[PDB]
Amino acid sequence: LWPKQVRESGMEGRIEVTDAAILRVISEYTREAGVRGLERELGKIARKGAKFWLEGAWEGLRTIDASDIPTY
Amino acid sequence: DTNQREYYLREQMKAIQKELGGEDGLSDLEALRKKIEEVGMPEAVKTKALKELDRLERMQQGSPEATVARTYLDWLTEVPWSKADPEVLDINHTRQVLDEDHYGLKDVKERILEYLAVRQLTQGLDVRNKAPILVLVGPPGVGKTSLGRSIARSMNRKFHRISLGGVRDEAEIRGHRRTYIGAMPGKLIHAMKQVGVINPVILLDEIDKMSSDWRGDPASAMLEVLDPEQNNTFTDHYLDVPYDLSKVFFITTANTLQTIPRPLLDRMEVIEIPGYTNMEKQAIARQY
Amino acid sequence: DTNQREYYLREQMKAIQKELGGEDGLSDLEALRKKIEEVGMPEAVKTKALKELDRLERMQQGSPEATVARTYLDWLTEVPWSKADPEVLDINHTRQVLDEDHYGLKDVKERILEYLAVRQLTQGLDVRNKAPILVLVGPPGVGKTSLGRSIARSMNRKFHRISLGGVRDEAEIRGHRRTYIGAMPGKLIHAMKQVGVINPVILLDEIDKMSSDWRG
Amino acid sequence: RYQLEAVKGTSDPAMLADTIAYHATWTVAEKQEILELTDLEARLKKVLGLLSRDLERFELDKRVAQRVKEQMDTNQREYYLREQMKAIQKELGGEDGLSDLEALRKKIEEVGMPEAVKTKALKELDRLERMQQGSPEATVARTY
Amino acid sequence: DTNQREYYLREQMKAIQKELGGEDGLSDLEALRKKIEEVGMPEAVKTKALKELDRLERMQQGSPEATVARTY
Amino acid sequence: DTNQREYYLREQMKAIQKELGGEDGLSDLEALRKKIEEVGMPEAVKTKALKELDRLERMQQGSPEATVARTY
Ligand SMILES: Nc1ncnc2c1ncn2[C@@H]1O[C@H](COP(=O)(O)OP(=O)(O)O)[C@@H](O)[C@H]1O
Ligand SMILES: Nc1ncnc2c1ncn2[C@@H]1O[C@H](COP(=O)(O)OP(=O)(O)O)[C@@H](O)[C@H]1O
């Protein structure tokens, strides 16, 4: 799902997430049997990152931690 | 003797029909044909439309069966394919337009503005474009319906609204077998007929009241229409061809979150509006 | 001599078809012969095809019967007729193909693997008569609909999806009765029209929510 | 045409307007315009528009008649030729049809099967047999 | 010129065709739409009504589609 | 030509019938208008009945909508 949403947001190689933040994402934001509601949140991540990128572009790649989830 | 005259009258209508064919048909339908070959559904999709086109054309001129398929062909030709509005523009200009139409609504405004950020970041790329669905839940007093025009003016898009909810006719959502007397493609498709873009603004007013049970279930039909990826290949009962509904930007209106079927509820991008404050109330009263 | 009389009469009727039946008769001699050569036509399906073939030669003058008859014949021309896809020989390759499309789903993956292993070991035609049928039950969030495309691509069998999301009157999913406009917007056979293989993988929107009318 | 070929020696624009306006080939509403127009120059001009449209209709109606008459012969000739070609094949098909079918029924009538059902079909079969064109009931009788 | 020429031809052919059968048919409809020109609706539905009447101005008398097309 | 001759004979029989049966059918519609006259329905109901018989006479018979229209 993450590669697909990253490709759909066109900002490939600019945002990355750790394996610990995802645990919190599912355990605190979406509680459904499937993962259809998870793709909408994972694309919201890229959509909000694109808002920051458009006004100000950074260099390299950005790593998202469990404490940086509320911003995006 | 009466049969003779009737036959003389017939050729009279024929001569007239042939004259009309030289106008509405022939080169006119040839130009529309080549034009659709330019901006119509892909050829592998247009195949059904061609199927009906061949028979309706092969059918004797003026044949009702020819018109029975002629309406299908005209609906395919009129409905937009691979043609869209101008793409991402400056966010600074559109944010003022979105702010002046409605005070507050920070979440919806953020959603609308950030929808353009990805459109700008995917400039010139080769990735699938999918306009997210939108649902607004809140009391009826909240101006959710005016968003259909507010967002459209925000991105200069064309907008249409369909009064769904409180309906019991699946055939309304997915039209119906063209074989039945007359023909009516699903409402959605009727709404998008006049909007000549593949990414219109569609407002599903109060779909919460959607009533199912008896009769073909309108709601169950909207499952194929609102599938996030299968809408790229969408075959309703009328338009046999797989419609490309991916680019269409959807907005749905609801009043609560307890009267929606589960497949619909766990497929929407949920946006909630709990209600304006009294300071916001006095501000909007003063300004608008 | 009598056989040559039969051939002469047959070529006469074929000539009239070709000369007059636009997109029906000249399309007959041009492509329908090759149609049976490519897809094939059951003798019972063909004997009646030939019986009605000489009956719709009324084009130019115009005949809705000829068109609706020709729509039926054209539907028969392309629907697969005992023509199967190249059967899979390496189920292990299919295993990786299916593992690169989804994660987990060890039950359905093994179910499909068993269904392919039995077919590859069918000695004597006694299993092909019973087509394996699978119904998938669970929450809508699980990826059931795309599983049809995944399985079909792994089988190398061309895929088609059928809209069972809402079906009210009868014949809305099955082929509509003939004799009328002759226009069918999709059907169970329609999927067969989409896939030129007699053995494709076909998936439906759902079964729990389907037929719901009074007439049918 | 008698009123036109008698005053051709006068070149008065008003007189020519009167000649081209009295022959009212249109509704009486237009005739009110010419009846009350203080512009002889525009008189012939507006009459020109009416007669020009009427002239379009003149040729148009003649063409319609030409199209109908030519189509009449083509439809008749086509009907005679096309009917014979089909009636020929349909005659063969009818024999190869119920005529062959009933023979098969006779083959199984060795049990003395009641032919009352056949006689009813024969009523339909004598009528459709004579009709070597169309007769869709023949097909239903064939399945019967 | 072209528009008025096709309107007049449609009117005369409707007149003759409905004098031979069912005078108060598509001639009634063409008179009614000539009225709706003078009492014109929104432009969005004006063209829709014109297209709708044009397609049913070419079919045969008593068509099953015409049964509801005339009443609409 | 024999088919044409039997068509001649059948339309002979049709002549015999429409003399008695057909005229009764016309007399049926004439008596229907006599019914709409004798009852003395108000002007609006008169016009509705006239329009309804107008839409019925334009179309043919043997259709499902025709039964409902006839009874109503
Ligand atoms: N912030 C706002 N600015 C302007 N008008 C507002 C605002 N909030 C609510 N309204 C008004 O409130 C009304 C809500 O009606 P409507 O949008 O039809 O509600 P609903 O979407 O629930 O059916 C409209 O007149 C709308 O313009
Ligand atoms: N284990 C999985 N592997 C791959 N994709 C999965 C998995 N679980 C869920 N999905 C995704 O779930 C989605 C299901 O969408 P779709 O098949 O259209 O509808 P439904 O969820 O109703 O079956 C697909 O995008 C699919 O890739």
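(A) Main features of the overall build of chain E. From N to C terminus, chain E includes four helices and zero strands. Secondary structure of chain E in N-to-C order comes out as α-α-α-α. Taken over the C-alpha trace, chain E has a radius of gyration of 12 Å; the compact-globule value for 72 residues is 11 Å, and the two agree within 12%. Here chain E holds 72 residues, and the buried ones make up 42% of them. Within chain E, counting contacts between residues at least 6 apart in sequence, those at least 24 apart form 42% of the total.

(B) Representation of the overall build of chain B. Along chain B, the regular secondary structure elements total 12 helices and five strands. C-alpha extents for chain B along the principal axes are approximately 85 × 45 × 35 Å. Expressed as a percentage of its 288 residues, the buried residues of chain B come to 52%. For chain B, the share of sequence-separated contacts (at least 6 apart) that also reach a separation of at least 24 residues comes to 77%. Accessible surface for chain B amounts to roughly 13100 Å². Of this, 54% is attributable to carbon and sulfur atoms. If you average the places of the 40 positive and of the 45 negative side-chain charges in chain B, the two averages end up 2 Å apart.

(C) View of the pattern of salt bridges. Tallying each qualifying case throughout the model produces 57 salt bridges over all chains. The shortest N-O distance in the salt bridge between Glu37(E) and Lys46(E) comes to 3.6 Å. The closest approach of N and O atoms between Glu65(F) and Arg55(F), which form a salt bridge, is 3.7 Å. Residue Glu65(F) is located in helix α3 (residues 64-71), and its partner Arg55(F) is located in helix α2 (residues 43-58); the two are separated by 10 residues in the primary sequence. Taking the relative accessible area as the measure of exposure, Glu65(F) reaches 27% and is therefore partly exposed. Here the salt bridges share partners, and the residues they tie into one network are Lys48(B), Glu52(B), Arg55(B), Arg178(B) and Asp240(B).

(D) Local environment of the environment of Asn231(B). Residue and element names in this part refer to chain B. Inspection of the secondary structure assignment puts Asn 231 in the loop between α10 (218-225) and β4 (249-254). Considering only alpha carbons, one finds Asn 231 and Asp 244, 13 residues apart in sequence, at a separation of 6.0 Å. Beyond its immediate sequence surroundings of up to four residues, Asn 231 is in contact with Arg 128, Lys 130, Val 225, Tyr 243, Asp 244, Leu 245 and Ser 246.

(E) Layout of the site of ligand 2. Around ligand 2, the surrounding shell holds 14 residues, and the nearest of these are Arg36(A), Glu229(B), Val142(C), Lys144(C) and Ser146(C). Mapping the residues adjacent to ligand 2 onto the chains of the assembly identifies chains A, B and C. For ligand 2, whose accessible area on its own is 560 Å², the fraction buried by protein is 78%. Residue composition of the shell around ligand 2, by class: four nonpolar, five polar and five charged.

(F) Spotlight on a negative patch on the surface. Residues and elements named next belong to chain D. A cluster of acidic side chains, namely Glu 91, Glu 95, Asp 96 and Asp 100, defines a negative patch on the protein surface. Structurally, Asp 100 is set in helix α3 (residues 40-108). A residue is classified by how much of its surface remains accessible, and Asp 100, at 31% relative accessible area, is partly exposed.

(G) Fine view of the interface of chain C and chain A. Listed per partner, the contact involves four residues of chain C and four residues of chain A. Summing the contributions of chain C and of chain A, the shared interface buries around 230 Å²; its carbon and sulfur component is 67%. Contact with chain A buries area across many residues of chain C, yet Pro139(C), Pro140(C) and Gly141(C) alone supply 90% of it, more than any other trio. Viewed at the interface, chain A and chain C are joined by zero salt bridges. Here chain C is connected to chain A by zero residue pairs in polar contact. Classifying every residue of the side of chain C that touches chain A gives three nonpolar, one polar and no charged.

(H) Structural detail: the site of ligand 1. All names here are of chain B. Inspection of the region around ligand 1 gives 13 residues, with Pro 140, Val 142, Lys 144, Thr 145 and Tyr 276 positioned closest. Interatomic distance of 3.5 Å between a backbone N/O atom of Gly 141 and an oxygen atom of ligand 1. Contact distances for ligand 1 include 3.5 Å between an oxygen atom and a backbone N or O atom of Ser 146. Looking at the shell around ligand 1 residue by residue, the class counts come to seven nonpolar, five polar and one charged.

(I) Broad picture of the side chain of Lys109(B). Residues and elements named next belong to chain B. By the element assignment, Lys 109 lies in helix α6 (residues 106-121). Salt bridges are absent for the buried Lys 109, whose nearest opposite-charge side chain, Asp 99, sits at 4.7 Å. With residues up to four places along the chain from it excluded, the contact list for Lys 109 reads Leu 98, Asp 99, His 102 and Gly 104.

(J) Layout of the sheet that holds strand β3 (residues 201-204) of chain B. Residue and element names in this part refer to chain B. Strand order in the open sheet formed by five strands is β2-β3-β4-β1-β5, with parallel pairing between adjacent strands. The two strands at the open ends of the sheet, each matched to only one other strand, are β2 (159-162) and β5 (270-272). The mean inter-strand angle of the sheet, taken between neighbouring strand axes irrespective of direction, is 25°. Sheet topology places strand β1 (residues 135-137) next to β5; three bridges connect them, and they run parallel. Residue pairing in the sheet places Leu 136 in a bridge with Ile 271 of β5.

(K) Summary view of the nonpolar core. Residues and elements named next belong to chain B. Counting residues in hydrophobic clusters, the biggest one holds 38 residues, and the most contacted among them are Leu 76, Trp 81, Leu 188, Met 222, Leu 239 and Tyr 243. At the level of elements, α3 (43-58), α4 (64-78), α9 (187-194), β3, α10 and β4 are the ones that each hand at least two residues to this core. Ranked by size, the runner-up nonpolar core spans 23 residues in total, among them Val 88, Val 108, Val 142 and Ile 151.

(L) Expanded view of the interface of chain C and chain B. At the interface, 41 residues of chain C touch 32 residues of chain B. For the pairing of chain C and chain B, the buried interface totals around 2900 Å² over both sides, and the portion due to carbon and sulfur atoms is 49%. A salt bridge links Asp169(B) to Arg168(C); the shortest N-O distance between them is 2.6 Å. Here chain C and chain B share 22 residue pairs in polar contact between them. Examining the composition of the side of chain C that touches chain B, we find that three residues originate from one element, helix α4 (residues 64-78) of chain C, more than from any other. Taken together, the residues of the side of chain C that touches chain B sort by class into 13 nonpolar, 17 polar and 11 charged.

(M) Quick peek at a nonpolar patch on the surface. All names here are of chain D. The grouping of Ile 20, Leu 48, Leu 51, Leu 55 and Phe 58 at the surface amounts to a nonpolar patch, some 390 Å² of accessible area in total. Tallying contributions element by element places α3 first for the nonpolar patch, with four residues. For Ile 20, the location among the structural elements is in helix α1 (residues 13-22). By relative accessible area, which is 33% here, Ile 20 ends up partly exposed.

(N) Here's a closer look at the pairing of strand β2 (residues 201-204) of chain C. All names here are of chain C. Burial along β2 is one-sided: the residues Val 201 and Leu 203 are buried and none of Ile 202 and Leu 204 is. The pairing of strand β1 (residues 159-162) with β2 spans four bridges and is parallel. Counted as the bridge partner of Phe 159 is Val 201 from β2.

(O) Representation of the packing of aromatic side chains. Overall, the coordinates contain nine aromatic pairs over all chains when judged by the stated rule. On the basis of an interplanar angle of 45° and a centroid distance of 5.4 Å, the ring pair of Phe52(A) and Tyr72(A) is categorised as tilted. Within this pair, whereas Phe52(A) is found in helix α3 (residues 36-55), its partner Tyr72(A) is found in the segment after β2 (62-64), the two being separated by 20 residues in sequence. A relative accessible area of 12% places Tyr72(A) in the buried class. Where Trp53(A) meets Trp58(A), the ring centres are 4.7 Å apart and the plane angle is 80°; that geometry is what we call edge-to-face. For the pair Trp53(A) and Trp58(A), one class covers both residues: buried. When the ring centre of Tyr7(E) is taken as origin, the NZ or CZ atom of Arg33(E), which lies over that ring, is 4.6 Å away.

Cut-offs and rules
Along every chain, residues receive numbers from 1 upward following the written sequence, which is not necessarily the numbering found in the entry; those without coordinates are excluded from display. For naming, the first written chain is A and the first written ligand is 1, with later ones following in the order written. Here we see only some chains of a larger assembly; the values are for those chains and no others. Hydrogens and water molecules were not included; the side-chain quantities draw on all heavy atoms of the structure. A helix here means a DSSP run of H or I that spans at least four residues, while a strand means a run of E at least two residues long, and both kinds are numbered starting from the N terminus. Throughout, the radius of gyration refers to the C-alpha atoms, and the reference size of a globule is 2.2 Å times the residue count to the power 0.38. Burial classes follow relative accessibility: with a 1.4 Å probe on protein chains only, a residue under 20% of its type's maximum area counts as buried, one over 50% as exposed, and anything between as partly exposed. Here a residue-residue contact requires only that any non-hydrogen atoms of the pair lie within 4.5 Å. Here, Shrake-Rupley sampling with a 1.4 Å probe gives the accessible areas, and only protein chains in the shown set may cover a residue. We treat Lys and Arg as the positive residues and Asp and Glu as the negative residues; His and chain ends play no part in the count. For this purpose, a charge sits on NZ of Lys, CZ of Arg, CG of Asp or CD of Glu. Definition used for salt bridges: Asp or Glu carboxyl oxygen within 4 Å of a side-chain nitrogen of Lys or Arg. Residues are counted as near a molecule or strand when any one of their heavy atoms sits within 4 Å of it. Amino acids outside the nonpolar list (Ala, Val, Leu, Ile, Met, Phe, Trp, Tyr, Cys, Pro) and the charged list (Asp, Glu, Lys, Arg) are all regarded as polar, and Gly is one of them. Here, patches come from residues exposed beyond 30% relative accessible area and free of salt bridges, joined within 9 Å for like charges and within 5 Å for nonpolar side chains (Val, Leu, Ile, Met, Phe, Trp, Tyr). Simply put, the buried area is the total loss of 1.4 Å probe accessible area from both parts when two parts are fitted together. Whenever two N or O atoms come within 3.5 Å, that pair is a polar contact, provided that in protein one can donate a hydrogen and the other can accept it, and provided that, for residues adjacent in sequence, both atoms are side-chain atoms. When DSSP finds at least two bridges between two strands, those strands are taken to pair. Only the stretch in contact is used when fitting a helix axis, every axis being a line fitted to C-alpha atoms; angles between N-to-C directions are given from 0 to 180 degrees. Throughout this description, the term nonpolar core refers to a set of buried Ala, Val, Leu, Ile, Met, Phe, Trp, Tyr and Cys residues connected via side-chain atoms within 4.5 Å. Classification of ring pairs rests on two measures: the distance between centres of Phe, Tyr or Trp rings, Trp counted by its six-membered ring, which must be within 6.5 Å, and the angle between planes, read as stacked under 30 degrees, edge-to-face over 60 and tilted in between. Placement of a charge over a ring requires the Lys NZ or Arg CZ to be within 6 Å of the ring centre, with the centre-to-atom vector within 35 degrees of the ring normal.

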